[PDB]
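Each chain gets a letter, A, B and so on, in the order its sequence line appears, and its residues count up from 1. When reading the values below, keep in mind they use all heavy atoms of this one structure, side chains included, and skip hydrogens, waters and symmetry mates.
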Amino acid sequence: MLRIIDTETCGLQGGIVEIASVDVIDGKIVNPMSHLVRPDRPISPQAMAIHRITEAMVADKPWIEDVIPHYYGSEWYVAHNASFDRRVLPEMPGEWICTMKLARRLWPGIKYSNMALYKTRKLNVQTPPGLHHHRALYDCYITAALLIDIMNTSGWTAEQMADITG
Amino acid sequence: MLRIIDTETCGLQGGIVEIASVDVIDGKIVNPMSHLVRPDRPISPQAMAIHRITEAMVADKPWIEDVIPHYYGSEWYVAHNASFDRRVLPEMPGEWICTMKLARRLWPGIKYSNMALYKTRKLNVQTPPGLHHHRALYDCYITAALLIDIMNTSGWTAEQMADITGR
DNA sequence: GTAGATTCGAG
DNA sequence: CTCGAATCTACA
Ligand code: NA
Ligand code: NA
Ligand code: NA
Ligand code: NA
């Protein structure tokens, strides 16, 4: 069972405005979670321009320390540029897989943003209502679609995908 | 006064088979020097295909040690990828300027080899007689012309050029 | 800001 | 063919 994970932050240095996940089991996306989170610092304008989460939206929410355990219990954590998410988030009890590194191995000499791989691979997922790109959950559905494409293209197992990641 | 320094070697680790300089004063190139040098090691065939200098050509020349004293005493040294010359040559006083770095900053988005720049900047230089590309002295005049173009175009002072190089 | 992959000069 | 410093990329 693979658990795509994504996080919106106050900026590049860290802070979480949101976290979301979906699970990939048997080539199907299931079990979506998402949480707006009260960050440990101000939300930089550059980052708000991007995810458009405001201070008022996260002011009555829980600290990351108190939300993160809702995401425990997967063997495998997948993320696009997983190094980012593994740095800004607290310690996750599981192994990491990076869809960015796997997309490069598979398809050399292209662009490797979450969203560029989506279009280049001509992917389609159902994405939840009320949630635009660069929200934790939306982007989860994107990164999960991408994983499924990577698994259907290579036959790589979770364990192999982690080996390539590390 | 800026002294352009260039060096032909045995490989990309070092060993000196040739050295040469010219001096650039008020946009004019003067005081050319060059020496063939006996290297502290074998001339690899990879280097030899470039500079064209055989073992027999430098078998009874002086070692770098006996010859580097002619080159000392400038306040400023200039070389194309000075990193390289600085590494393979004996330690040199004065301040270093790197034309590769200056070209990168002045003209982003092109090639930065001595000879690429020579062509793109459409340089004209008076080269020495009976030499060719990758003969220390020959390359000096190329790198000197590029420096004089870089200075005319940017108006950078030496101190500004040393800053850009990385003091 | 980050850390890793890629590039590009010198002989 | 060697190998670094400089230049990209992804992430918010
Ligand atoms: Na992300
Ligand atoms: Na995102
Ligand atoms: Na040189
Ligand atoms: Na040369």
Nearest to side-chain heavy atoms of [X], which nucleotide of [options]:
X	options	result
B:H51	C:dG1, D:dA6, C:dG11	C:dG11
A:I50	C:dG9, D:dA10, D:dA12	D:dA12
B:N81	D:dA12, C:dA10, C:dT2	C:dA10
B:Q13	C:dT2, D:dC1, D:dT2	D:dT2
A:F84	C:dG11, C:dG9, D:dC11	D:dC11
B:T9	C:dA10, C:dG11, D:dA12	C:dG11
B:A47	C:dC8, C:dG11, D:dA12	C:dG11
B:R104	C:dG11, D:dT7, D:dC11	D:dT7
A:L12	D:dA12, D:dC1, D:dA10	D:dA12

>> Can you tell me which residue among B:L147, B:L146, B:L102, B:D6 is in a side chain to side chain contact (heavy atoms under 4.5 Å, CB included) with B:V78?
In response: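 Checked B:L147, B:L146, B:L102, B:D6 against B:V78; only one passes side chain to side chain contact (heavy atoms under 4.5 Å, CB included): B:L147.
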> Knowing that exactly one of B:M33, B:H35, B:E8 qualifies, which makes a side chain to side chain contact (heavy atoms under 4.5 Å, CB included) with B:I19?
Replying inline: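 Per the side chain to side chain contact (heavy atoms under 4.5 Å, CB included) rule, the option paired with B:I19 is B:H35, out of B:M33, B:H35, B:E8.
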> Can the positive tip of A:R104 be found less than 6.0 Å from the middle of the six-membered ring of A:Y112, inside 45° of the ring normal?
Replying inline: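 Verdict for A:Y112: a cation-pi partner in A:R104.
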Regarding [X], tell me which of base, sugar-phosphate or nothing describes its non-hydrogen contacts under 4.0 Å with the strands shown.
X	result
B:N114	sugar-phosphate
A:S113	sugar-phosphate
A:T7	sugar-phosphate
A:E8	sugar-phosphate

Rounded to the nearest angstrom, tell me the gap between atom [atom1] in [X] and atom [atom2] in [N].
X	N	atom1	atom2	value
B:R52	C:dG11	CZ	P	14 Å
B:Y112	D:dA6	OH	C1'	11 Å
B:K111	D:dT7	NZ	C1'	16 Å
A:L102	D:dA10	CG	P	15 Å
A:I110	C:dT6	CD1	P	14 Å
A:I164	C:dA5	CD1	P	13 Å
B:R135	C:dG11	CZ	P	13 Å
B:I16	C:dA10	CD1	P	16 Å

> Taking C1'-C2'-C3'-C4' positive as north and negative as south, where does D:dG4 sit?
Replying inline: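 North is the answer for D:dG4, its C1'-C2'-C3'-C4' torsion being positive.
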> Got more than 12 heavy atoms from elsewhere within 6.0 Å of CD, A:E91?
Replying inline: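 No.
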> If you draw a 6.0 Å radius around CZ in B:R41, do more than 12 non-hydrogen atoms from other residues or ligands fall strictly inside?
Replying inline: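 Counting neighbours around CZ of B:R41, more than 12 heavy atoms of other residues, nucleotides or ligands fall under 6.0 Å, so yes.
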> Does B:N152 use its side chain to pair, donor to acceptor, with the backbone of B:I148 at less than 3.5 Å?
Replying inline: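 Judged by distance alone, yes, a pair lies under 3.5 Å.
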> When you check the phosphate oxygens OP1 and OP2 of D:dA12, does a side-chain N or O of A:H134 lie under 4.0 Å from one of them?
Replying inline: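 A:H134 to D:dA12 OP1/OP2: side-chain N or O found under 4.0 Å.
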> Reckon A:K101 has a side-chain N or O less than 4.0 Å from the OP1 or OP2 of C:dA5?
Replying inline: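 Affirmative; the distance criterion is met.
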